[PDB]
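As written, the chains take the letters A, B, C, D and E, and residue 1 is the first residue of each chain.
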Amino acid sequence: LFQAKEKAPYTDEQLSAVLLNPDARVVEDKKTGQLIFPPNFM
Amino acid sequence: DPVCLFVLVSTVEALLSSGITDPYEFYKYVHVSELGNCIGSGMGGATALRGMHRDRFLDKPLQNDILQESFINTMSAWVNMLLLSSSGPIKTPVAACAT
Amino acid sequence: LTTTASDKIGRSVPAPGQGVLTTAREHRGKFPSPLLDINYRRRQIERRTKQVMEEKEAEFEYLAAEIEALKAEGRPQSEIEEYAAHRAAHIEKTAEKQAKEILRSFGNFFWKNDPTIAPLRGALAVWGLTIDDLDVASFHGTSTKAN
Amino acid sequence: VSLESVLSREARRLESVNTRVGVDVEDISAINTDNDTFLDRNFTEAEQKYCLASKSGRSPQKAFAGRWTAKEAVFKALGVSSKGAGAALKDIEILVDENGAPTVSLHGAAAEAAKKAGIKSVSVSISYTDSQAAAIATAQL
Amino acid sequence: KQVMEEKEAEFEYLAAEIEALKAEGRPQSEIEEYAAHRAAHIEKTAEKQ
C-alpha cells in the first residue's frame, strides 16, 4: 500500500526554476506513468 | 521511532481514503509551494528521548544521530521526505492531549 | 512579512535545502501589473469609496421606506424608533466594514494569491518599497561550511 | 445616544408624499477646506463667513461639510438632471434663520430648475456624526 | 450590480486610455498588448470583488 518516492518530480537544474515559476505544473509522463515537471514546464 | 511508522501509515491510509495514489497528483493543479504539513505530538520519539539519556549513560550501542528522532518535527519531516517533496509551510503544534 | 518553507526530498534530516527561495516566485509578466503603481491603487480605493457612499445613502432611503411600512403595519412608535436607530447603527457599521475591506484588498493584501507578484515584493510594495529597499540581512550564520 | 441617526430618523419620518427627497452624507475629512478655489467655487461669501465664524459652534471643517452635504441633498431633492460631477453648487445657498435652523435659498440655474420642476419651496435637516455631516433635504412638488 | 457597473466603467476608461496611447503615437502591438493585458486585469479584479 505504501510505496516511497526517490527522485523529485523535477531535476536539479529545473529545481530553482520550479521554485520560481508558480505556474510550473507536472504532467504524467506517457512512457513511465510518473508525474514529472516536463522539461518545457516554463 | 515507532511513532513515525504510525504516522506514515496513518498518512498513506488517509491519502487512499481520499482516493489518491500518488501525492504528485496535486502538482497538476497546484504549485509545489502550496502543500503544507502541520502534524504534531504531545512529545517526540519516546525511544530516542529515553535512549539518549538512559541507555547512552549505560554505554550501549546506538545509531549516532539519534537525537534528531527525539524531536517532534522529525515525524512530519519524514512524511514530507519520503512521500511529498513539498516546498510549502510546515508547522508543529504541541498541546499534550489537545495537540 | 513572515513565512516558512520546507526543503524538498533530501535523505539527511540535518541537510540544509533552499525552500525559502519560494518567496521570490512569480511570472515576470511583460508589463508591470497596474497594481504595482500605488497611485493607480490610490485611484481605485478613492473610486470604490464613492460607491460605498452612494450605497449608504441608498440603504438609508430603503430604511426610510421600511420605516413607513412599519408605520403602516401599526407598530409601536418606540419599536420603530428602536428598530430604526439600531438599523442606522448597523448601516454605519456596514459602511465602515466596506471601507476596511477596500483597504485590505488594495492596501495590505493586494498581492496575496497573485502568481505574478512575489510575496517578498508585495510585502515591500505595501509601503511603496521595492526589492532595492532591503538594506540589511541578518543571517542564520552558523559558522558551518555548508550552511 | 443623541446621534444624528436618532434625530434624522424623526426628520426622515416626516416624508412620504407631495415631495421629492435627497439623502446625502459626507466625511468631515473629505471636504478640502484648505483649498480656496474649492471654497470660492462652491460656497457663497455669506456661507464662508458663517462657516469661518466661531458662532457656528463647530470647527470650520464641520461647518463647510454640513453645508456641502446640504447642497448635495437639496440638489438630489430637486431631482433634476446633473450638469456632471464638475458642476458648482454655489447656486444652492444654505444659511441660518433667526432660530439657527438651516435655510435654503436657490439662485441662478438652481432657481430656474426648481421653478421648471414645480417645486413649492425647499427645506432641509442636517447634523453630524463624529466623522460625517448627514443631511436630508425635501422639495415639495 | 455595482461590481458590474464598475467593470463597464473600467472598460470605458480603458477605451479612453487606448485612444490616448494612439494619440501618443505608440506601436499598434504595444497598445494591443497593453489593452489585452489590462482587460485580463480588469476581469481578474471583478472576480476578486
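The rule is simple: contacts are C-beta pairs under 8 Å (C-beta built on N, C-alpha and C of every residue); 3 or more make two chains touch, one makes a residue touch a chain.
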Using only protein Cα atoms, the chain sitting most centrally is C
Comparing A-B with A-C, the one with more C-beta contacts is A-B
Chain-centre distance (mean CA atoms) for chain A and chain C, in whole Å, is 33
Rounded to the nearest Å, the gap between Cα centres of chain C and chain E is 23
Taking each chain's mean CA coordinate, chain A and chain E are separated, in whole Å, by 37
Among chain E residues, those touching two or more other chains are none
Contacting chain pairs, sorted by label, are A-B, A-C, B-C, C-D, C-E
In their shared complex, chain B is touched by residues of chain C numbered 3-11, 13-14, 19, 22, 25
Within the complex, chain A is touched by chain B residues 8-9, 12-13, 16, 22, 24-25, 27-29, 31-33, 82-83, 85, 87
Chain A residues touching chain C in their complex are 5-8, 15-16, 19-23
Given the complex, residues on chain C that touch chain E span 29-31, 33-34, 47-48, 51, 55, 105
In their shared complex, chain C is touched by residues of chain E numbered 2, 6, 33-34, 37-38, 41, 48
